[PDB]
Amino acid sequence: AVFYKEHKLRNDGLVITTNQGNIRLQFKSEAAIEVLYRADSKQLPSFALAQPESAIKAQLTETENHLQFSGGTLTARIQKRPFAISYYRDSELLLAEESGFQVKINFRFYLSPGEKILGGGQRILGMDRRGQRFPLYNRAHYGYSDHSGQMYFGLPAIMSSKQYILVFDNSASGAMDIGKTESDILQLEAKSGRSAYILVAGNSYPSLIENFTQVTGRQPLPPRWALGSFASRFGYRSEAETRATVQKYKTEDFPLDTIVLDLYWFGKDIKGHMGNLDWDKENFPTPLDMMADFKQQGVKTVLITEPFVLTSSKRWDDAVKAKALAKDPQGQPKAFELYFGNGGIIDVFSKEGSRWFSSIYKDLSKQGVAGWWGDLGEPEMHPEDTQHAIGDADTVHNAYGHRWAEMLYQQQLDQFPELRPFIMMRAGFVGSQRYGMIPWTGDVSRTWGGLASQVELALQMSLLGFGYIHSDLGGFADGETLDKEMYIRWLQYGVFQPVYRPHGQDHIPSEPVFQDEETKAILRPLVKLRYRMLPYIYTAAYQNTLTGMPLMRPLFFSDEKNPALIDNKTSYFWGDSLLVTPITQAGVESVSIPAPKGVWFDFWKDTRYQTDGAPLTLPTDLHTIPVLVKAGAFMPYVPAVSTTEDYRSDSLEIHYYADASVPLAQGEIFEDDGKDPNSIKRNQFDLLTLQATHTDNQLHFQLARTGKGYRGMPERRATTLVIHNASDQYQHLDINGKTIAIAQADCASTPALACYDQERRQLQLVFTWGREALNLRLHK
């Protein structure tokens, strides 16, 4: 029995008193609200909110049976007796409390009939998680395939078909029950921790996500090199082996930006050395030279680190002496068994642990290390009587990796303020993206099932803040011999997902350079294609920094009024323009692609398809996976380079997919120095825009550049524009009012300024794109 007793406003927040205690409501923006129950009591702070203290001005009104607290899109409606808060966008009901808050921590809400619920972070259960119940406890799932209710990186959040996001702002061992136990009840639970939730609303999925990342944190632009080719295995055993691998990329003519070193960099065995956090000199005798020698070839070095210091490690006595480790309740360093051996866990929640760990990252970063891999932050083993500075293991568990990232991010920004940190981690919390976190999906099995789950995982993480979620390309766990077809399919799909990092246990090679002749002839041009497409990918990255828009988008974005599309986890958008359908079984001879209504082109073959709703059937081959381009797309390319350190946009090649069904289209290309964390804030960029206007008798392109530019920015780019599906009736072109004839022969064989290829239906324009506006007009 809960009822309203009294309220007041203090500092823009509404504090309500019931018979059971105090409740604080603060709008964190016009469409986001933090609801803190037990507000009177001391509890852990918010982890999910980028600005925990903020509270924007809201409107309060009172009636007999209700209060109403409104931010301008989001309204909280507070029923007095019995006490129940519900949430409205306009006057559409988003979400209503059932019994709401109780005791242990427990929140109960009604689900509407037909409401679909995405969320939970990494699970393999189906896109719509309604009807499921699962824990909120980050945990390894070694060798997963086609099913999981619990893995490395859960999120205590959901996204509904009613276009709200709900966050349980609580770091503790808990559970979510999405209308499983009771069909119309969403229940959130925890053993302890903060008793708060956050509701975010939107008028569309993009703007929900913009609103969500507004209050939880925007990912800062990673360094362009994170969009490149990684060499990684578990693991290079020696400096010789690592140098031989960088060399193999060179001698095999595969692009390579970054080599990743796993745990053998600090000791010769898997067990017993962890916490050394220093070079194993018997096997890495000259590491500063190694890294400098690699940097001369434009290659970065990334090192694995972990939260555990073993008692067998060289740093045990020192970590104990500095009070860097988590303690038992008695006050001693807590030691426990891990796979790796007997050890403790660095307390990133304390000042002492944070300083000690940070000093180590500083020193290695001074030596040459460009980036950082933080493995096992679930934490992988975390006994319940472990005590951190702010709470026990079960209370802080799901926020450990999150704070680890914060610690490392701040440290790297402090040491290198002119560089963008690279932080790759296995576990975090809502908002960990504001510390640069780049998550991967853990120890996936080397099976088709492992590959077939990657899109579901990626989309689930992308929707709730994590743009750079990716997989171990080719698969990681077990196997006894390479499954060549699965490997190829996985590295194909790789091109069209966020981070190009094949990784696997080293009894089978993960790196494409170590594959047979057929596999390399298939994958070499695709890895090059990933580099030629950097303008497309880096521009989606820019948009993610700006608005939260994930790089991978689900099919369901294509039609917000068709909730059945929510179930699709086999076709997705890579940026605005490409609909990708990975092949996830052996021997598949054709696919049916549920392309939205409109016009689509085969990316590889240029074939044009129109569809009014029905799916398209495309045949498959071993050299590609099915990718369709949306009519009206501008696909930008630069020439392939070995390393993003050599990246230039002096030469652009842009492909426009014309169709009269799209009378107006746009694209952009975001260019900056690829490394400056302040490029966007300070406008040190070159933002190229392109607008096509397509009428019955003309096709008009308007080109422009904004921003203040950056150092090394080309003033003039040689630009080849290729118009696919171009009309054969264009007689003339003018460029900024100057008329040029269109050639109809020998387009591939003359330095033609405008040439129509009648066999391919492509019109090619070659011109100089300088700083001033440019207008290209084709007319029949």
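In case it trips you up, residue 1 is the first one in the sequence shown, and so on.
Colleague: Using none, 1 to 3, 4 to 9 or 10 or more, say how many deposited residues go missing between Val103 and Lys104.
Modeller: 1 to 3 residues are missing.
Colleague: Per the record, averaged over C-alpha atoms, which has the higher B-factor: 440-448 or 672-680?
Modeller: So the stretch with the higher mean C-alpha B-factor is 672-680.
Colleague: Going by the average Cα B-factor in the PDB entry, point out whether 482-490 or 599-607 comes out higher.
Modeller: Looking at the recorded C-alpha B-factors, 599-607 comes out higher on average.
Colleague: Report the option among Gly235, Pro663, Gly143, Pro222 whose CA atom has the maximum B-factor in the deposited record.
Modeller: Checking the PDB record, the top C-alpha B-factor among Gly235, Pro663, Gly143, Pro222 is at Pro663.
Colleague: Considering only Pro615, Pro525, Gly368, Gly428, which residue's Cα atom bears the greatest B-factor as recorded?
Modeller: Going by the entry's C-alpha B-factors, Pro615 comes out highest.
Colleague: Where does the C-alpha B-factor of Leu776 rank in its chain, lowest, middle or highest third?
Modeller: Its C-alpha B-factor belongs to the lowest third of this chain's values.
Colleague: Lowest, middle or highest third: where is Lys334 by C-alpha B factor in its chain?
Modeller: As the PDB entry reports it, the C-alpha B-factor of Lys334 lands in the middle third of its chain.
Colleague: What third of the chain does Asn65 rank in for C-alpha temperature factor, lowest, middle or highest?
Modeller: Within its chain, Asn65 is a highest-third residue by C-alpha B-factor, going by the deposited values.
Colleague: By its CA B factor, does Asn342 count among the lowest, middle or highest third of the modelled residues in the chain?
Modeller: Tercile = middle for this residue's CA B-factor.
Colleague: Thinking about Cα B factors across the chain, which third does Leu263 belong to?
Modeller: Bottom third by C-alpha B-factor.
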